[PDB]
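Excluded from the calculations below are hydrogen atoms, water molecules and symmetry mates; all remaining heavy atoms, backbone and side chain alike, are included. Chain letters run A, B, ... following the sequence lines, proteins first, then strands; residues in each count from 1. Both ligands and their constituent atoms are indexed starting at 1 by order of listing.
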Amino acid sequence: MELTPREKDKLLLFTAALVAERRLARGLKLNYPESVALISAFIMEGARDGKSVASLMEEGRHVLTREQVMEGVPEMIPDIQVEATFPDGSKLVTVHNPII
Amino acid sequence: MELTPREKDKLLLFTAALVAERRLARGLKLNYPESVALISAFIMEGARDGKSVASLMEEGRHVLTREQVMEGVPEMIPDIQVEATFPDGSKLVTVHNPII
Amino acid sequence: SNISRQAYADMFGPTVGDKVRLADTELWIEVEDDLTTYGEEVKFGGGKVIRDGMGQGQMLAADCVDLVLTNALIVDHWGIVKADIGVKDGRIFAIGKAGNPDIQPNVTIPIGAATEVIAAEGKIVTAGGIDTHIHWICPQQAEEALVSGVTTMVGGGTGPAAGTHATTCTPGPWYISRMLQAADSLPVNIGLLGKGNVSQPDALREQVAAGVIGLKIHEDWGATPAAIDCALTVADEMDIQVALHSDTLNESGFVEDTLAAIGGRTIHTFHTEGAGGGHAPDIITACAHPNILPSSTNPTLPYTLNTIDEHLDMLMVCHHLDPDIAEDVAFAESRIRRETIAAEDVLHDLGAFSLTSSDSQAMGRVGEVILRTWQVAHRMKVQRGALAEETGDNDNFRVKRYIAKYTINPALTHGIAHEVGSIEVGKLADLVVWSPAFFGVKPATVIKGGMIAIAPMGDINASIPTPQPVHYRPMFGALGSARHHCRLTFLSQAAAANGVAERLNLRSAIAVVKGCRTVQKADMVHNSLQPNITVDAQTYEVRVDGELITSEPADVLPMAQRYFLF
Amino acid sequence: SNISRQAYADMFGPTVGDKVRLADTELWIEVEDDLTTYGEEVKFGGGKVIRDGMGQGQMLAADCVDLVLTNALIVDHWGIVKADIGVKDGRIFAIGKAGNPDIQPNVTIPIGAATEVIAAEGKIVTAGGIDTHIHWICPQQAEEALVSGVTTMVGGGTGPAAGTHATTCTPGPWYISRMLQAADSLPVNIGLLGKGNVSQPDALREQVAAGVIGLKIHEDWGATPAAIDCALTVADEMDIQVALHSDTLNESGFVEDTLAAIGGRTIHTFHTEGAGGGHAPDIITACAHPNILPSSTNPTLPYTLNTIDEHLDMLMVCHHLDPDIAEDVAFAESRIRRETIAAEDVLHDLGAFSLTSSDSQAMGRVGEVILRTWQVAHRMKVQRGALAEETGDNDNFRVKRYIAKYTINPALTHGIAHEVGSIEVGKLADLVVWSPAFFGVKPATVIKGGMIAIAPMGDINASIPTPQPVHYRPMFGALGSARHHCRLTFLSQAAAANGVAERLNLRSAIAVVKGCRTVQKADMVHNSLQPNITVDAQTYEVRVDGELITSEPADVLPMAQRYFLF
Amino acid sequence: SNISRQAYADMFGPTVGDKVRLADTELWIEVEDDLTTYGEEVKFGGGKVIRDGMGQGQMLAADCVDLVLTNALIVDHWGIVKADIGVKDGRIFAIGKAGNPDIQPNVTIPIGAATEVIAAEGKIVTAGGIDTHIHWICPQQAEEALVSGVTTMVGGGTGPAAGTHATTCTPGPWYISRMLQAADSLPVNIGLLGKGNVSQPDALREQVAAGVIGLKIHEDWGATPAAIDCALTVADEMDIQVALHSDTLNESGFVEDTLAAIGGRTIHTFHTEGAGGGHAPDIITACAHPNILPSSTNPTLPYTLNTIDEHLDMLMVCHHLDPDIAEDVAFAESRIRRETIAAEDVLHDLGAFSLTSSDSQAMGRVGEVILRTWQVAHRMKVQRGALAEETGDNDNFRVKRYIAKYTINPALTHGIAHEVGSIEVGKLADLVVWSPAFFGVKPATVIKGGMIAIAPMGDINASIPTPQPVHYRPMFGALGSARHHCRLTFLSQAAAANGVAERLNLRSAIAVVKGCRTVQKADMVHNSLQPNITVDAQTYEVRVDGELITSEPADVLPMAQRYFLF
Amino acid sequence: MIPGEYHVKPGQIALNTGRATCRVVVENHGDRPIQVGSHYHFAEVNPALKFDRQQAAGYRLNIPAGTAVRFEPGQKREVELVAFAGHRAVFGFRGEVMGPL
Ligand code: NI
Ligand code: NI
Ligand code: NI
Ligand code: NI
Ligand code: NI
Ligand code: NI
């Protein structure tokens, strides 16, 4: 596969998002790292699908709501940032105030 | 579990194959590392099940077709190799020209 | 007897007249020359040529090379040639024909008992990349750059501190000493930049004497005419380079005022297009000047349909702007401009911009200098067709023009081209071996000073090195004392004379920079154009001799989704 | 002109009278003082204050600091103050007002060309934690403690051997020499404890002369009156500390007999509540004594609804007891007692227990010393309300009382408070920068000897350092020769005089312990209470002057599920 | 008073006459002797024996051991004995009875204040494995081998280069010097092999003088009679070993011609069965010769139902054969032969093959030397029953015969048995502690030179070292200067005399090889058989005195799917 | 589009041009296969190969570099040989020359 360190680092993020996805499916209110991982992995999959940076900056705000996360988590996350390989190379996606 | 470095290294391969499995399920054409991970993990599970090396050298050729992978990927993968613990210990499985 | 050209190419790699596609781009290279004698090629293996009394001779170690890269397809600024490369004492010994003079003709690279072999048939071999805009935010950037094919890193910083997050500055003797000590641990050649923003020359001379090979002038420390003048006066006295991130805010003057302060002296302008920083909206006009060595940072390379959206937001987050303040919005819009971002790609194609760099973790991607350079070359071939300099049905001149941007031109700019930057006799053997399908994206082997430093490696417990998972792992060239022997720490002439290496107990080989002041735009290999360039203050349109310089944004690029897991 | 207090706090961090919640606890700190001149705050960035001729002066390196932490909200035993912190030569230079004396008033921390900047506006800055109950079971404990905000580790051991699994002892000159050599590789300051259990003083003097800064007396090696007397006699001769895990079994005598053997000499009692070990059921009575410096280990901190169940079983597994043997069950029940576990939290709140520690991987969690200290402070505020010493509508005195437990008090106990343990001029610059929402749980930056040693770091290949995944990665302060310059290995006076550092070729900076014998309970900062404490032999009830000391177990704690992935 | 034997075994481990199953195999060991005095066993813990004035004495460090492994069940070539093992100054001090001579009888291993304890009750302790067929393809192989219980690695290479992918050769003084420098970083003892294929003896003498402890003759560099003669002439002058991979192609002669070139001189034949390389189809006949020390590489050990299919394809991929070329197919079929692969297992059982090795990442598995040795012993017990040498209802002699294959016999072959290879007084304390259920598969503790170098380790932040996830992590014996003190770099006598260690600034302890030329088949511990062996040129059938030597392929093996995650 | 594909110029390459060549009939009289590489000194091959050793002095097989010719037991072939060049000094093999020729 000739995985570079950056690709191996993203595998860690994908795994942390699997933990969060299973907890959200059990109906738990997610904590700080679960929430960050879940939204970040969602953006990476959107980039793999060929969605635009502009589209994902908006789609990222509809992954989790205040009722799905623990008290104070939305305030702990003013933004989520992640880079992914889009059809036109690596790009940075910033999701502002993702949880409302 | 007393995991050795070789067992931890295979966990990385299993994770990369989970990424590929989810992308193939969304109907995406897989790229080079996704394709290598998907077929390699398939072989490791076949060895765990007790399939023979000869059987897996043939079964590995029917995991992905040219229509399920990006242009040029079959040419980028002339063979896939992976070792796994069979009932009779570690063995090397080589899948020649896996994607046609 | 005869062999078909297809069978020859399969066995020994391509020869004169054969063409090779670079990765998944539309770029094709043609073999210009082959230094072999047909029938006398050296191949290593069972029943092959490199064996006692055959391709391997009876000479003592002093009389043969330590390493031979056999049948390499060399791609460098000087040619696209098929040859064997000999390495001796960690340096390039010769480019030519390897073998045993006892039984073979025309041998220029003797192979003996003391010779190791790297099989380069069917591979492309290039010099190691040189990135001159590194922010030393974290030490993990070294392995990330090395994996990408970058073997030398010039920059500044002290770790993840505010000063380093913004600027390539290692401030003061204490931090310069600590970073030179930390550099021994990293498998890349390193040179440091000091903080150049001061109007007292002695505060600059102390940093050069401590070890810095250059000074960075950054607007965040005050890129005023007085600070620029002071740094250039010291640079002229001490044979070091000055790197510039100019006054975006036009607080002290406009681009013409900074150019007046420079007063025709040699300076390396970082992110010359200006999205990464500099006089808004016209820092790009600096590429008209003979004393300016202009570089681009990589996020704007090439122009794509996602560029403006990512950048407008990337800048807004870095500076804590908030889209509700009209003046913060007016600032962001003055720095991120579609007109200069699109012109930059054309200016690289014309050879008006001479270097590419990262701006690592500070509006730049450390592992993408090489990949993005080739993406620009591809996009320019697609949009512009053949260059005026092109001879033959190939892209050889465009390839030589672009490879010079991350190899020889950064080396010349920073006064280290006597040690690194190209595959040339006497230079350090920093070489990258690429499979053509993965050229510019994922190298087969990265060699530092004659030892393999990093390479893809399969299962450690496997019966062969190829079984999955295959991922980049550090090799012997990256371990302790072998790493120290195989890497260089660059020092200023003042630091070397003052015995800094001995005082700090630096373990790595030392090299000293020279020729930073005499280098000019005319010296930039294949990238010496000085266009009559203008930027309209109202529209931001870039023109050369009144002609609009523009390009169209890419929807999809090569060297992207086909290769990377994420 | 005027700015609103809300706008000021957003731009420069809180000022006098503003309050800040500590993480997700009910603890609130109030800014007591601010060392700035309003309007003259230094901020770094584009168009900001720290620029040539502005907030940055023209002074030479000898005349300015190497590093400035701007606008820090300092939390230390001595105050909760807003100030700039200057660092020079790896040591704290001043706490005050940073800037350029050429244009700014009241500057006490000069900024020059040689100065690096850490932006601490909106952050809390504390001294690095000091853990004095480390079992050196594995070297991975160093990074785990450093990430938690612990910069100094005192303990003993040789790796995952039976002796070390049970006790903090590095036995004999050979292992002491090997562990001092291994310490150079770890990014924490280290001091070693030897095996104190012997009745021949020369076998103890040899260990001190080899390098140990203290001796551990552990019941597993025989904590008899004769062994305790021998270790204390040697400690008094050699200026080193004695740590004690007393005779749980009451084999040689009861707690009064151990106290008689101590004979009023200075000693550090580990896990004084007794669940971690010690005379059953009354080792807790040692905190009444002026010569005893009492610590708690962290699994019993604070008392929770899962405490007893985890501990009864944790002990049963360690000692291989099996719930079917009535005498093994009688032993387990004599060591794990709800009455002393609940009293311990109150005794910390009253300042009768002076230190907190881990007991790392031997009934203690190496990464939770700080987190659990704050969980106790929270639980005590909830249950007890304001302390008698509290002034104002804040928790400042409780915060100063608790932070002293893992900073200055362990440093004073082990004779290293001249080097570490607090933010004070001349001390090593071991500093932790915290975002208030993550205070005590996940630090923003950990600084060792003036260099950043570890920090959260996002994607290495990203255009900025913040994109995911963000996780703790070692920085330049943790690499080779820079790490050696930025950490300390503590030695006894005998080992330093005998040239142990030169003999073993130790590469790190060396510090020598002093003042271990003169330290007493009265010297424990904010934690000098000597209560008239008793434990009922039949009920285990803890009383102070006849009054029952107890607390209620927590169901849910702050600094827990909101922050951690597992 | 009396204790039942079952209760004794549960408390102190098995004693004389008790049997233990090796992992999940059909092999049973019987305790032959016990060096203790019943009632005087030393056990460490709360209220146990090893305490001041009890099992721990008052002696100074010079008068007691640094480390004691208590109640170990020793398994070595010389016996299966229950004893305490004492270690002093990183070397084996004694095998016997530990304790305090002041109160205990028959003490031969004094325990004092300076003594660390490893609890070996219920564990099997063996010498560290010695792998002599290492290809230095990547440095990650060192940790992989160490985890498997291998503490010494002899081989050659320079990283993932063509030469090293095929052969165990470190070519020339420059690469030999770099690899000796890199070896300081690895937690295994290392010795290097040079390139032996040359007909000019001075090119070989230069490599030995640079540091190699042996020379490898490989067919890929030309294994001709003249090259073999030259290497053996130099080896006889310089006291180093010669390793041989013979001419598979029979290009220069048949196996008899190579044997004539050897001329009765000492040589180590690698992969003697021939699937890994050598004169086809009869290199196996070399085991009849008194001057030949024959080893097997591990992929053919033991013969299984998947062996031929994996190998035929493994070879086809290595050599780039393609199943469509009749001559490439004829070559593959001449090297991979069911007849020799099946005979090899029997030849190991008879003691005609004396060593096992890996051939790491070049048709061999670095982490499986030990596991596969035991799988062969199991398969041979199943197929052949008791050995003729067997006494008692146990497998003790078979166990001693097989353990010698990866411990003492490789050490004797390479002239390092004066330092490593067995648990014997004065040898380096390289010891492996195994839980019987995981014997040969996953060790409990790996000790290098008296320090624990690697061990399974649970959650670093846990209250105890056992909670999940448990995985192998490097310990203090693998860190910087402690690692240097605890490992050996082996040099030739010429390199040691020429001051190579000082010139290269090698930091590790140095050992010098001796006795490579005088070792013969008769010296191979329990494996000295010289059978009258023949191979039929047409059928490949192996016969000893006319009798067919064969075995049946395993369907399922022990030490496999029960233990490994993948 | 195939990543890294070659567009080989069609034609032929003439090997060992201008060098002296000869042809020898060789038979494997042994009972085991023998394979000879392109650069081996042909006069010093396995003695079980029967041919005119005097004619083969200073020659190697005239085949693509790195390739080999296989002789099964009893197999007969006529091979083409090409003279060694450079200093024309033979060292190694069966130690029959060990110097110029
Ligand atoms: Ni900039
Ligand atoms: Ni920058
Ligand atoms: Ni204790
Ligand atoms: Ni403890
Ligand atoms: Ni071999
Ligand atoms: Ni081998």
Between C:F331 and C:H319, how do the two ring planes meet: parallel, tilted or perpendicular, split at 30° and 60°?
tilted

Return the orientation label for the D:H245 and D:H271 ring planes: parallel under 30°, perpendicular over 60°, tilted otherwise.
perpendicular

Would you call C:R335 and C:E273 a salt bridge, using N to O less than 4.0 angstrom?
no

If we check side-chain hydrogen bond (donor to acceptor under 3.5 Å, both in side chains) with D:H268, which of these qualifies: D:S295, D:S357, D:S354?
D:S295

Flag if over 12 foreign heavy atoms under 6.0 Å of NZ, E:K48
no

Hey, which protein N/O/S atoms does the Ni ion (ligand 4) have under 2.8 Å?
D:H133 NE2, D:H135 NE2, D:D359 OD1

What pairs meet the salt bridge (charged side-chain N to carboxylate O under 4.0 Å, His left out) rule with one or both residues in residues 242-255 of chain D, with sequence neighbours excluded?
D:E251-E:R51

